[PDB]
Amino acid sequence: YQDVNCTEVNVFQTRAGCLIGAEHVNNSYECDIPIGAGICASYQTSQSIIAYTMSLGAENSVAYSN
Amino acid sequence: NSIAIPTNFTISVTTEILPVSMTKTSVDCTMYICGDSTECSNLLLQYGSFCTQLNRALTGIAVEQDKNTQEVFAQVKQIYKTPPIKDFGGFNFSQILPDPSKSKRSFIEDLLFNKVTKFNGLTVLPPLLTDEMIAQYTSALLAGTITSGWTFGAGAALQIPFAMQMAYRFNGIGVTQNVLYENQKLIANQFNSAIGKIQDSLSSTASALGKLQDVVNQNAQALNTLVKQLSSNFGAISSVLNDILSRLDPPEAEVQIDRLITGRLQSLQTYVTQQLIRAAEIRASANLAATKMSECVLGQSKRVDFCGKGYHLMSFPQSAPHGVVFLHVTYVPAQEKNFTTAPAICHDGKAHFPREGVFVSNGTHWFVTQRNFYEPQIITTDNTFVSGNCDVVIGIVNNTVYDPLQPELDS
Amino acid sequence: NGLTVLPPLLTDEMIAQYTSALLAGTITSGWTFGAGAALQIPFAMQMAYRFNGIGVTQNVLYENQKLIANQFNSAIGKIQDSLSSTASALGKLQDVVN
Amino acid sequence: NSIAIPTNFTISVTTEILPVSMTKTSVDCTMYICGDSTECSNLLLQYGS
Amino acid sequence: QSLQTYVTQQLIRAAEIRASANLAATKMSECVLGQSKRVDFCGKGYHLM
Amino acid sequence: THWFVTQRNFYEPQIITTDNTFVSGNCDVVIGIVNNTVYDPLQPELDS
Ligand SMILES: *[C@@H]1O[C@H](CO)[C@@H](O[C@@H]2O[C@H](CO)[C@@H](O[C@@H]3O[C@H](CO)[C@@H](O)[C@H](O)[C@@H]3O)[C@H](O)[C@H]2NC(C)=O)[C@H](O)[C@H]1NC(C)=O
Ligand SMILES: *[C@@H]1O[C@H](CO)[C@@H](O[C@@H]2O[C@H](CO)[C@@H](O[C@@H]3O[C@H](CO)[C@@H](O)[C@H](O)[C@@H]3O)[C@H](O)[C@H]2NC(C)=O)[C@H](O)[C@H]1NC(C)=O
Ligand SMILES: *[C@@H]1O[C@H](CO)[C@@H](O[C@@H]2O[C@H](CO)[C@@H](O[C@@H]3O[C@H](CO)[C@@H](O)[C@H](O)[C@@H]3O)[C@H](O)[C@H]2NC(C)=O)[C@H](O)[C@H]1NC(C)=O
Ligand SMILES: *[C@@H]1O[C@H](CO)[C@@H](O[C@@H]2O[C@H](CO)[C@@H](O[C@@H]3O[C@H](CO)[C@@H](O)[C@H](O)[C@@H]3O)[C@H](O)[C@H]2NC(C)=O)[C@H](O)[C@H]1NC(C)=O
Ligand SMILES: *[C@@H]1O[C@H](CO)[C@@H](O[C@@H]2O[C@H](CO)[C@@H](O[C@@H]3O[C@H](CO)[C@@H](O)[C@H](O)[C@@H]3O)[C@H](O)[C@H]2NC(C)=O)[C@H](O)[C@H]1NC(C)=O
Ligand SMILES: *[C@@H]1O[C@H](CO)[C@@H](O)[C@H](O)[C@H]1NC(C)=O
Ligand SMILES: *[C@@H]1O[C@H](CO)[C@@H](O)[C@H](O)[C@H]1NC(C)=O
Ligand SMILES: *[C@@H]1O[C@H](CO)[C@@H](O)[C@H](O)[C@H]1NC(C)=O
Ligand SMILES: *[C@@H]1O[C@H](CO)[C@@H](O)[C@H](O)[C@H]1NC(C)=O
Ligand SMILES: *[C@@H]1O[C@H](CO)[C@@H](O)[C@H](O)[C@H]1NC(C)=O
């Protein structure tokens with residue numbers, strides 16, 4: 001439900017709106033299905049739809065030196 | 001037979017500002033037209049597919065604004081992060097890199113974020129990327145651009161010392177590498193100082209960000225106009241549906257609601273038409289910005305006045321609301337001397353020509369120099385090539401070209 | 001009937017000044033007037049430093065400078081003839097006006 | 001193992017033409033719709049912005 | 001409704017003239033103020049000026 | 001009858017030398033190599 005607060009309707013309030021049926025996750029990944037405001041969802045581990053904050057790929061500290 | 005050659009240059013940090021994406025906006029066209037009036041909502045069925053088509057059009061714009069934003073910024077596979085030690089040979093990026101004390105925006109991205117600036121079915125959707133994720137991408141692009149040059153565009157990023165990367169950008173404008181390392185102190189000071197002046201240019205006045213503020217203003221103007229149009233009478237007895245529904249019998253209330261449906265729908269069509277056209281402009285600006293990312297940031301363009309007004313060295317992106325700012329680092333010449341010149345020079349009855357550069361003298365003894373920074377060298381068989389008999393070249397002049405093998409008369 | 005046309009900001013005389021300036025830069029100074037400061041350079045030498053920019057060595061220009069000049073001037077002649085001979089060239093501009 | 005290498009060239013001046021501006025146009029929307037009729041001018045206001 | 005249609009036609013046309021003007025400005029910046037190495041951007045051939 | 005190097009846009013045949021050519025690797029790996037006699041511009045000077 002875009003823009004609403006979940007009171008007004010598992011459940012997870014997001015910056016994009018009230019999301020229902022998706023499990024929140026604290027890991028992060030490439031965006032599989034986009035939702036909004038950095039949130040993305042995937043079908044994942046017995047398996048269910050999860051939702052997570054997008055990772056913009058993996059980080060890399062480039063081994064720069066003078 | 002006269003040439004002016006620059007003896008000196010300035011680095012410059014010409015700024016360029018491009019919009020990249022409108023506010024993602026959608027209208028429940030039935031709530032806009034009818035405000036939950038069941039009589040109105042039913043009359044709107046008689047008009048058929050327009051309401052569905054307008055939402056398809058606005059949704060096309062809305063998805064496309066994330067795409068536009070993704071095409072500009074997502075030009076990298078990995079989020080590169082800068083080393084802890086800022087050993088960049090004097091170049092002081094501390095204004096353009098993330099300030100971690102906060103959202104990991106840089107200092108200059110904060111100036112840009114500071115300087116910029118109902119619900120009748122009207123809704124604004126959030127962007128897919130948060131402005132913090134955009135600041136991660138502009139940090140990645142920048143951290144690659146600092147640590148690894150163009151190479152992070154061409155697949156795998158490779159470390160290289162920043163002064164060496166600059167020498168291999170100087171060579172990309174025909175200025176020989178030694179004209180960087182022999183001036184490294186002075187080039188560092190010029191670049192650092194120029195970055196300094198950008199902060200004043202952005203802090204002093206709002207008029208620099210005019211392009212982005214026009215896009216914000218035009219959307220707010222169009223939305224305010226679209227909402228005000230609901231109060232427009234369109235030849236009804238009133239612009240409030242409850243008046244019509246209470247004051248009139250159903251057949252007359254319907255004919256009056258039809259005037260309002262017509263006026264409101266014609267307004268909504270007008271608005272969506274403006275937004276499709278405006279979004280086409282923003283798409284063209286985003287594809288341009290995406291290209292300046294791909295050429296100037298991820299590369300070094302040899303397109304004159306594409307990557308800012310000078311000989312181009314490199315560029316840095318900085319995120320801004322609905323837009324992007326490029327800091328195009330450009331070489332520009334700045335002091336020059338007149339010299340007498342000749343297309344070729346003649347020696348031992350044959351024409352000689354410079355391999356690279358131009359021939360010059362200040363009216364006395366002949367020197368070759370590269371053609372973007374005066375660096376007179378003794379003319380030799382090795383900085384030159386022969387091209388047959390002396391005669392046919394218009395305006396050739398004489399010299400004794402030096403033979404570097406001449407001292408070697410031992411065997 | 002309530003329709004109006006406004007004049008362009010730049011007069012056609014100012015447009016002809018700009019095209020003359022652009023051209024006078026292009027002639028006297030190569031690319032240099034785009035890259036900030038316009039520097040004189042002799043035109044034969046500028047053309048050698050445009051042949052060198054298409055992988056053709058400078059000597060091929062100076063050893064042919066008269067032949068090249070004649071082909072260039074002759075081609076400019078064919079422009080005046082071609083443009084005088086037919087309106088079909090300026091199709092785009094007349095189409096925009098129409 | 002065969003290559004063709006040019007022994008000679010031509011300069012060739014090719015024309016290109018591009019439009020740059022439409023004719024700057026403006027319409028008095030009220031004078032166009034209503035032709036100075038005061039009775040019309042008052043009805044046009046109902047259509048709003 | 002004819003006026004809205006006319007303004008719409010002119011907007012869409014003005015966007016084509018803008019696209020053509022940016023291209024003209026780019027040919028000014030590369031073909032006049034420089035030497036574009038973009039094959040068949042500045043006329044059909046290797047490009048001088 | 002004669003092998004020459006030339007610039008690739010205008011036939012300007014030059015005698016092949018250490019100066020207009022660079023060496024790489026060994027004779028065996030290149031599919032298309034031919035024989036030749038590359039001239040050494042120091043050889044007439046070594047005759048001194
Ligand atoms: C090429 O242009 C640059 C920039 O115009 C010249 O660089 C430096 O310019 C300053 C004045 O703008 C020179 O003055 C001195 O600056 C120091 C502080 O850095 C100050 O303590 C002194 O009292 C004085 O004002 C500075 O000497 C000069 N740098 C160098 C390397 O001499 C540069 O000189 C120009 N190069 C040529 C060959 O024209
Ligand atoms: C004009 O241009 C010429 C050549 O393009 C410059 O040539 C200068 O020539 C002299 C003698 O060959 C070089 O040696 C030095 O000369 C001075 C003055 O005679 C003397 O005090 C020194 O002991 C030394 O012999 C000089 O290095 C060379 N200059 C350069 C820049 O390489 C000439 O300087 C230019 N200026 C004038 C007014 O001639
Ligand atoms: C560049 O240097 C060369 C060599 O010093 C100059 O060429 C020489 O120029 C003189 C005239 O200034 C020639 O003398 C004349 O030769 C003709 C031959 O038909 C004769 O009929 C005349 O009575 C007179 O003697 C001289 O032969 C010539 N030498 C060579 C080896 O070419 C040249 O003038 C200098 N300047 C320029 C800009 O080329
Ligand atoms: C490369 O092509 C050009 C022509 O495109 C050759 O140069 C010469 O061009 C002129 C003018 O088009 C030709 O016409 C005339 O020839 C008569 C004599 O037959 C002469 O009296 C006229 O004054 C006029 O110049 C001329 O025939 C042509 N020359 C030749 C030998 O074809 C140029 O030679 C070509 N380059 C090479 C290396 O073949
Ligand atoms: C370019 O010329 C060279 C030198 O002639 C060719 O390389 C090899 O030359 C020798 C003598 O002419 C050929 O004879 C054979 O030599 C081997 C020892 O290397 C020996 O075991 C045999 O009994 C016989 O004497 C040799 O066949 C030839 N190499 C090859 C692969 O045929 C070279 O072939 C010439 N380049 C090309 C592209 O053919
Ligand atoms: C959601 O609505 C409830 C209503 O009781 C309110 O307490 C809560 O603060 C709201 N939360 C958000 C994130 O809007
Ligand atoms: C995610 O993190 C929050 C805050 O640290 C924590 O309360 C929550 O239990 C975590 N949930 C999961 C599924 O790890
Ligand atoms: C070059 O010399 C001429 C001599 O008349 C002078 O007008 C011009 O200003 C000089 N240019 C420079 C850059 O010194
Ligand atoms: C111009 O320069 C040429 C050599 O390039 C010289 O021979 C000629 O005398 C000069 N022009 C005039 C009109 O004197
Ligand atoms: C082509 O040239 C190569 C040169 O080594 C030769 O081996 C090959 O047999 C030739 N093939 C044909 C089809 O001419």
What's the total number of residues in region A:35-66 that are touching a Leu at 6+ places or on another chain (Cβ under 9 Å) and among the β-branched types (V, I, T)? 3
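Looking only at region B:340-354, count every residue that is assigned to a strand (DSSP E or B) and within 24 Å of E:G34 (Cβ to Cβ) and tell me the total.
Of region B:340-354, the ones assigned to a strand (DSSP E or B) are B:340-341, B:345-347, B:350-354.
From what's left, within 24 Å of E:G34 (Cβ to Cβ): B:341, B:353-354.
Residues in region B:340-354 being assigned to a strand (DSSP E or B) and within 24 Å of E:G34 (Cβ to Cβ): 3 in total.
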Which of the residues belonging to region E:29-49 are within 7 Å of another protein chain (Cβ to nearest Cβ) and either assigned to a helix (DSSP H, G or I) or surrounded by fewer than 14 Cβ atoms within 10 Å (Cβ to Cβ) (or both)? E:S29, E:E30, E:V32, E:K44
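Restricting to region A:1-12, count the residues that are more than 14 Å from every other protein chain (Cβ to nearest Cβ) and either within 16 Å of ligand 5 (Cβ to nearest atom) or under 17 Å from A:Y52 (Cα atoms) (or both). I'd like the intermediate steps shown before the answer.
Of the residues in region A:1-12, the ones more than 14 Å from every other protein chain (Cβ to nearest Cβ) are A:5-12.
Then drop every residue that is not either within 16 Å of ligand 5 (Cβ to nearest atom) or under 17 Å from A:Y52 (Cα atoms) (or both), which leaves A:10-12.
Going through region A:1-12 one residue at a time, the tally reaches 3.
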Looking at region B:100-116, I want the residues that are polar (S, T, N, Q) and have a partner that is in a helix (DSSP H, G or I) with Cβ atoms under 8 Å, at least 6 apart or on another chain. Which pairs are those? B:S103/B:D131; B:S103/B:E132; B:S103/B:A135; B:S106/B:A135; B:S106/B:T138; B:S106/B:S139
Just wondering, is there one or more residues in region B:86-94 that are under 26 Å from A:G36 (Cβ atoms) and within 14 Å of another protein chain (Cβ to nearest Cβ)? no
Restricting to helices (runs of 4 or more DSSP H) lying wholly in region B:84-187: which have 1 or more residues that are of a type outside the set (V, I, T) and within 24 Å of the chain's Cα centre (by Cα)? B:107-115, B:131-148, B:162-170
Can you confirm whether B:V20 is within 24 Å of the chain's Cα centre (by Cα) and crowded, with 22+ Cβ neighbours inside 10 Å? yes
Quick check on this structure: which one of B:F373, B:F385, B:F353 is aromatic (F, W, Y) and within 16 Å of ligand 3 (Cβ to nearest atom)? B:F353
Suppose we keep only residues that are within 16 Å of ligand 8 (Cβ to nearest atom) and surrounded by 21 or more Cβ atoms within 10 Å (Cβ to Cβ) within region B:344-368. Which one would you say is farthest from the other protein chains (Cβ to nearest Cβ)? B:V360
Would you confirm whether any residue within region B:329-339 is outside any loop (DSSP other than H, G, I, E, B) and basic (K, R)? yes
Quick one: is B:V325 more than 16 Å from ligand 3 (Cβ to nearest atom), within 22 Å of B:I5 (Cβ to Cβ) and outside any loop (DSSP other than H, G, I, E, B)? no
Counted residues in region B:301-343 being within 14 Å of chain E (Cβ to nearest Cβ), among the hydrophobic types (A, V, I, L, M, F, W, C) and either closer than 30 Å to B:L129 by Cα or within 16 Å of ligand 6 (Cβ to nearest atom) (or both) come to 2
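Restricting to region B:386-400, count the residues that are within 9 Å of ligand 9 (Cβ to nearest atom) and assigned to a loop (DSSP other than H, G, I, E, B). Talk me through it step by step, then tell me what you get.
Our first condition is that a residue be within 9 Å of ligand 9 (Cβ to nearest atom); within region B:386-400, this holds for B:394-397.
Now drop any that are not assigned to a loop (DSSP other than H, G, I, E, B), which leaves B:394-396.
Here the count works out to 3.
Note that each Cβ is placed from the backbone with ideal geometry, even for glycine, and that neighbours are counted across all protein chains shown. Each value in this text was obtained by applying a stated rule to the coordinates, not by laboratory testing.
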